[PDB]
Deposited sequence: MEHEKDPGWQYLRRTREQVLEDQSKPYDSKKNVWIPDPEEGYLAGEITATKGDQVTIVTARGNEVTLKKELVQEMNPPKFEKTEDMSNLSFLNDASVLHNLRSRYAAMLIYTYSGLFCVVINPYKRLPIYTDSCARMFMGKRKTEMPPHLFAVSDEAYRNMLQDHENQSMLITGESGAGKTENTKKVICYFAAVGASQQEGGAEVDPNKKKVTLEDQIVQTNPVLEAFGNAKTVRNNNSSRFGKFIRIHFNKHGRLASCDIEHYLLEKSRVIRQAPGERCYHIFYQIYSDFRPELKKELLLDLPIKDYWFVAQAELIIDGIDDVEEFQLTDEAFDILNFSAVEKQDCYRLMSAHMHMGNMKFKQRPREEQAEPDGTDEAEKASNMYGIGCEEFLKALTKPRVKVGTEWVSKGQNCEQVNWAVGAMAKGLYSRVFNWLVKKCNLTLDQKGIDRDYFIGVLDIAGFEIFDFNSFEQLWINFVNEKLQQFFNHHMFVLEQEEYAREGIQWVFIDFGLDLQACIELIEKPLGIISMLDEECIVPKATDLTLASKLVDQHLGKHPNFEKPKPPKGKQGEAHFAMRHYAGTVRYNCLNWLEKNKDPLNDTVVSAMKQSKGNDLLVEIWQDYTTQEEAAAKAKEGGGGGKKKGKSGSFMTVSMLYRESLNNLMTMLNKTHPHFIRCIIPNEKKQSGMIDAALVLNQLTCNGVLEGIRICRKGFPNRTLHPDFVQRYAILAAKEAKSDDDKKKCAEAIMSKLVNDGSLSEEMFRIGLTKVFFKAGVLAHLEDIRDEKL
């Protein structure tokens, strides 16, 4: 044809010869089954005997086991090998979902539908499925008429927007390394392609990527180019489909990374880009006269990334600034602040014997940082070692070396955070051009899933709270669609909103004197500590809220913990150490004041404009800003039609084609996929329009099938015969106004009788 000529088609759908070979395997619906297996998650076997509540099974490895029947899962026939939408399987169970995804992944078919979910398993290699010619194949095509692909989901959202006159959202989730960033970039490019009719808006949208990834992405153990911030990117269009504008919102930037690197990790890419040989004189202008290995804040672990050329990356970043209309002075002032950060991390201090007051231990690095900030080194060091506190008089407050080091790290994190916020805001101004009406938008949300670590803190609480909200959002969306379908089919049975399954945990976190409220209140109580917070939380909730628990003893390498919560993804042990400090984000106000007075670095003055000093003043916690931000995100998502992309990391080795079955099953458990298949299975997983049912099953009831001119009455007549024959129960189906609805396993049984009689 023409589809089959494109190189991407072999990575989208098997040939007829590969399919017939897939379907050419021995199979007995009553013999071949799946059993639990520690290594492989599930293992194929054959029932050789059955005895009451038990079954004897020879597994694929040859051994013989005896199991309770409740552990045995039905295996799908080979005609369902590599099925494109798993809600079509005859048997909707965990073992079959795992098998189908693994079979597709082995053939580098990385996209699979699962009803409302689009699952994508990271290929860890280049696939030719994202080219212009591949994208054009999906434009205007019915999603059900094309193989699974990110572009089919994207094009359906775009057509929905135009035909339904409603905003859309694309929610992309998954663990670190699963593929979120890559999918997000390709979605944005697809929308910029379909919405495009001497520097175009589309060009500038794309150029945000090098800038935002230089300052917001870093090498981690899990991912060489890990985005350390969540993001919501809205692509605005007029009512004719024309690209109009784009805006970006960022969430939870990882601030600790600019002062600390764990083994195997790097700081944000930008420091190594600036230092690279792309612009050799830049190091000299920035007074970066030591090897990069000697700058403590960026050199605690790795300095290079296998496969990444920081020279070429910096060229792309430096050019992107220009394309995005940053001025030469803005760009240089930005680079100077990055230099200042590296110099600050190398400043040393000491105390003389029996002195509590820190003094500089040499001043060369402080002078270089001050030069980058455009301020005097003496006032900078005085602000740092002897800050002033208003109490109606300015008093000087002494600092020891521990306090100075704390203050330097806090300043460096808060200054970097504000540079990043400024880069986003500047991008947003560039991308907001005159010309095209902003009638609708599609919002792309890319943020990490649940995080359950050995040690869970304030940052994990917020990301897990976010994901409770997002999973409830999915559950509610699924519930509304089911309810609306039954309603218009005249089959309404009354069921409770699936989103209520997450509401108790959400309330524990978000209600008055729930977790966040108690933190906000305690953070301002004189003499309060992390321990008084924790006792208050236990006092308010333990034994009164079922999702609040005392934590298990530190098994394995779990740290100490003050309380535990039962999240959607499991039980999380939280440690409240430093939560009061994290919630207030205190800075050295005297240092900020000196920076806001700088005459040598206008960008430095700009990025502190959101901060009010003591002198300017003469309360908003972090969680209050986060709560407002999340509430605004959710209010907006609930005024859109959402689409769901679930990225899966296949293994821990960045190995293409290899599946770690335990790791994959765990993600499918925690990301809603397996629970969605269960909920599907327990309802009416299958629906067939009356005419197609009549043609499908006439042979089982040929007189009934032709008994009436009205196709609905013919379908009813067939079903009445099956119920009369005993080969169907009235409970197993429902006749709708336009479709027949089938409980789990009922359609397959009807296929069995149809094939037998055939």
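- Missing from the model, relative to the deposited sequence, are the ranges 198-210, 405, 633-650.
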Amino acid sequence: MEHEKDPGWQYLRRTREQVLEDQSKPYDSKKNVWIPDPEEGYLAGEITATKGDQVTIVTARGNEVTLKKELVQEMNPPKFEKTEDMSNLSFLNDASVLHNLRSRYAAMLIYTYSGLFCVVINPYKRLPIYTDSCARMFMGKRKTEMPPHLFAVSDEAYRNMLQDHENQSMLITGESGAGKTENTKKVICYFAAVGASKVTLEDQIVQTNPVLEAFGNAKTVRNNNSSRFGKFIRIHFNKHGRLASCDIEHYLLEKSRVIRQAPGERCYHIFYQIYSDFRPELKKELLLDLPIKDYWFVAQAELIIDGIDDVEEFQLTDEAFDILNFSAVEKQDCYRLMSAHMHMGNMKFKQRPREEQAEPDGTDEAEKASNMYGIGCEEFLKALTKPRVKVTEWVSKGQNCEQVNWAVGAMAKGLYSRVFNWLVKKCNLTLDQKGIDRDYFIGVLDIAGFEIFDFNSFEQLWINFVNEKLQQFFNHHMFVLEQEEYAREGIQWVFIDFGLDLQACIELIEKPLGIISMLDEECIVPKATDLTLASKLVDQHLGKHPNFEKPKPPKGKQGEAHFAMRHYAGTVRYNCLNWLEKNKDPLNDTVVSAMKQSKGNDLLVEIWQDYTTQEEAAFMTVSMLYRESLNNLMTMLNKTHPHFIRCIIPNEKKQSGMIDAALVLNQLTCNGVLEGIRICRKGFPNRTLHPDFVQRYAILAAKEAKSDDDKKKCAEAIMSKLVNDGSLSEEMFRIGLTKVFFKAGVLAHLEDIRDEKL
From here on, numbers count along this sequence of modelled residues.
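- Checked against the record, the higher mean CA B factor of 40-48 and 61-69 lies with 61-69.
- Averaged over Cα atoms, the B-factor as recorded in the entry is higher for 140-148 than for the other of 140-148 and 236-244.
- Between the residues 527, 469, 425, 257, it is 527 that shows the highest Cα B-factor in the PDB record.
- Taking the PDB entry at face value, the top CA B factor among 566, 352, 562, 488 belongs to 488.
- Remark: residue 262 belongs to the middle third of its chain, ranked by C-alpha B-factor as recorded.
- Compared with the other modelled residues of the chain, the Cα B-factor recorded for residue 612 ranks in the highest third.
- Among all modelled residues in its chain, residue 494 ranks in the highest third by Cα B-factor.
- Split the chain's modelled residues into thirds by C-alpha temperature factor. Residue 338 is in the lowest one.
- Among the modelled residues of its chain, residue 105 has a C-alpha B-factor that falls in the lowest third according to the deposited record.
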